[PDB]
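Structure record follows, encoded as structure tokens.
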Amino acid sequence: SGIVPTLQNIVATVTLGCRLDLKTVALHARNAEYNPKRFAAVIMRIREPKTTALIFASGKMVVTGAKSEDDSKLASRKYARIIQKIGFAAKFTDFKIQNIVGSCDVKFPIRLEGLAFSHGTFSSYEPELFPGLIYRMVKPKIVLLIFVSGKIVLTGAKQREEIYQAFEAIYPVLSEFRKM
Amino acid sequence: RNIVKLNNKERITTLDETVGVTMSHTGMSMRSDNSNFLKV
Amino acid sequence: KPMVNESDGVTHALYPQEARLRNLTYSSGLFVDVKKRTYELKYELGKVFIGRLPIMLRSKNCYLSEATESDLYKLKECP
Amino acid sequence: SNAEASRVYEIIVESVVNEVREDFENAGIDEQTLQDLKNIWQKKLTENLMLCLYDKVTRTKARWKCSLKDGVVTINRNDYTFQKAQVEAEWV
Amino acid sequence: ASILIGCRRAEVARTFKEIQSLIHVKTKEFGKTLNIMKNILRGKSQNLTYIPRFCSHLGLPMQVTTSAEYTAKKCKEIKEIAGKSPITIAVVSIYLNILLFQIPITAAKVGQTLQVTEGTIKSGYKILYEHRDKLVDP
Amino acid sequence: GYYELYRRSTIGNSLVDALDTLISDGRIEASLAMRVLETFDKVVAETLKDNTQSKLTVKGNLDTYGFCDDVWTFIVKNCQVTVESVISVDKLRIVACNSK
């Protein structure tokens, strides 16, 4: 083994605790996108860290796009600092990471048909609809995407230890259904 | 007047193809639309 | 001409001997040129299968009408 | 330097004078006053800003593309007039 | 979805574009209803069959059919690309097995009859021509 | 109809200074200058819509972007512009409205 999954996305939610008006916010702000006819929320982006936050009128904000937890928390504090800079009485509270997405490579082809036949109660393989395999692990409750080239995707986790335990619990099964 | 008593009609034409083409055009052939009729 | 569409989906030619042995129906497919028009009121702006027809033996539609003696012996049909 | 901009300016001056002449006659001021508007206007005619309209603005990750139609651009003390334009900008 | 389930149970092969050509189910909701329906069936407790059907759509001999069978199995054993849905593997397999003989259909006719992209059968015909070595039956 | 953003151009500010010159220095009747501004908007609209053949190409680093009341506003830093010549621009501001 020796392969460690690398995080790719982290989705967290931050509650500011106030209320907004969207023409004034979209008029006085710098880097932001707003359009009520498509999405009733301002899409604010920052450079460092390179993230994306969806800001709603009810004060709820969604900071997503970070590669680590410190970048999501610090980026969330930067968005909250921008909101406090605009002219509202916001407060950085209720920071809870909602999703963690990672990926890795096993460096050998994987038999998806035999994996879908043996683990039929946890897999859902339809090549004409999606060439990858959707493995729903019980403990921990992680949704894994197992492709042919060996790239393993992991989503549906609240912590990193769930991703690591998911990969350590899926590695022998992948080593069983190998080819070369 | 004897020649007018020689009127005939055309017989039914038998399609001579490999059948599988026509039988493919019968049921599901992965080809829809291609003609606007009662499409509202 | 007489034909048979099997269960898996393959359709091939039918002979009366194999028709008797497989308990099939010696019939032939029927198509119709179906024309459609849309008027809008006299303002004016397909080979569809309609069903099978049983074919009598020794008829102009059956394969055995044009067969010879040795050909009938090949198809296992008495002259 | 561009002669098309001078031709457009001349069409604008002549057309504006000809269409405004009616409102100048309705007010009852003077025709030589309108001639003074043309002479003073052409006499005055002798910060990097683009003015136009957009058709589609797409964004992918951090890449922005914009389809622009009909506009005048002021760049380095030089004026330009375009019918179409494509913007391929990158955001940090 | 019930027709497709009854097709999968009876060892029959019907593509999604065929039932989709029969009924306009908007694909996505069809996939979700088929998924939860499969969960219902699991709670109440194979591309090879497509080759003779498309060979019947083209009217090909039996040797090309079994040749596309051996080609389909071997291509299923060689890996690389793996599949990208089995329909394209079937049409490029029949395309190679028909470019091995002399019966001419070209790529446009087989692409408009089987409803497959020409660039896809050529993209698969490239790597397939690269793996032409171990696909010979005799 | 006919947006009033074209008044912010060089010829637009020239016409504004000319009209304000006729109203301030002389006794030219007011309100009519606004009619000259509307006719100016229509003439610039139809003229730029029919009497333009150039095609530019701006490629740079997007410094700022915004959208409000069907108004796209961009600020690009260090961008190159291609006419149909290549021109280097340190800072460029773009203001566009909806064409539909």
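Chains as they are written, first to last, in full-length UniProt numbering: chain A, 61 to 240; chain B, 241 to 280; chain C, 99 to 138, 147 to 151, 163 to 196; chain D, 2 to 47, 241 to 286; chain E, 174 to 218, 234 to 326; chain F, 5 to 88, 104 to 119.
Heads up, the beta-carbon is just placed ideally off N, CA and C, and yes, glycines get one too.
Query	Result
First and last residue of the uninterrupted alpha helix (DSSP H) at residue 290 of chain D	The structure shown does not extend to residue 290 of chain D, since chain D is modelled only from 2 to 286, so the question has no answer here.
Partner residues on chain A for D/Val286, Cβ-Cβ distance less than 7 angstroms	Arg107
F/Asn55 at chain D interface by Cβ criterion, 7 angstroms	yes
A/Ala149 versus A/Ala100 - alpha carbon distance	21 angstroms
Same chain, Cβ closer than 6 angstroms to D/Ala283, neighbours up to 5 away in sequence not counted	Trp258
7 angstroms Cβ cutoff met for A/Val166 and A/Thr215	no
Below-7 angstroms beta-carbon distance, E/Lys262 vs any chain A residue	no
CB contact flag (A/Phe227, A/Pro65, <7 angstroms)	yes
Contacts of A/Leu87 in chain F (Cβ-Cβ under 9 angstroms)	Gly70, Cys72, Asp73
Per-residue DSSP class, three states only, for D/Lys278	strand
Members of the region 26-40 of chain F that neighbour chain D once the beta carbon cut-off is set at 8 angstroms	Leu26, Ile32, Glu33, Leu36, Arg39, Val40
E/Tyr313 - DSSP class collapsed to helix/strand/coil	helix
Residues bridged to D/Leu38 (per DSSP)	For D/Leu38, which the question treats as bridged, DSSP gives no partner whatsoever.
Interface flag, E/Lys190 vs chain A, CB-CB below 7 angstroms	no
Chain E contact residues for A/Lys239, given Cβ-Cβ distances below 8 angstroms	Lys267
Through-space distance from C/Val165 to C/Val132, alpha-carbon basis	7 angstroms
Cβ pair C/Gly168, C/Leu128 closer than 7 angstroms	yes
Run of the alpha helix (DSSP H) containing A/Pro232, from where it starts to where it stops	220-236
Reference D/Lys39, options F/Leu26, F/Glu50, F/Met38, closest by Cα	F/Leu26
Sufficient close CB pairs (3 or more, under 8 angstroms) joining the region 171-181 of chain C to the region 104-116 of chain C	yes
Endpoints, the beta strand (DSSP E) within which A/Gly216 is located	211-217
Beta carbon proximity, C/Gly107 to chain E, threshold 7 angstroms	yes
One or two residues paired with C/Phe166 in a DSSP bridge	C/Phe129
Three-state class that DSSP yields for C/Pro171 in the structure shown	strand
Three-way DSSP call (helix, strand, coil) for F/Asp67 in this model	strand
The region 187-201 of chain E contacting the region 69-87 of chain F, beta-carbon criterion three pairs below 8 angstroms	no
E/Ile277 beta carbon less than 7 angstroms from that of E/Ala256	no
Cutoff 6 angstroms; reference F/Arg112; Cβ partners in own chain excluding five residues on either side	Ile79
Interface positions of the region 198-212 of chain A facing chain E (Cβ-Cβ less than 7 angstroms), listed along the chain	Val208
Classification of E/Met250 by the beta-carbon crowding that lies within 10 angstroms, buried from 16 upward	exposed
Spatial distance of A/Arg98 from A/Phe116 (CA atoms)	13 angstroms
Segments of 3+ residues assigned as beta strand (DSSP E) that fall wholly inside the region 175-215 of chain A	183-186, 190-196, 203-206
Simplified DSSP assignment, three categories, for B/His265	helix
Contact set between the region 235-246 of chain E and chain C, restricted to residues whose Cβ is under 7 angstroms from the partner	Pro240, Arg241, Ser244
Euclidean distance between Cα positions of A/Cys78 and B/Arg271	56 angstroms
Contact with chain B by E/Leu177, beta-carbon distance below 7 angstroms	no
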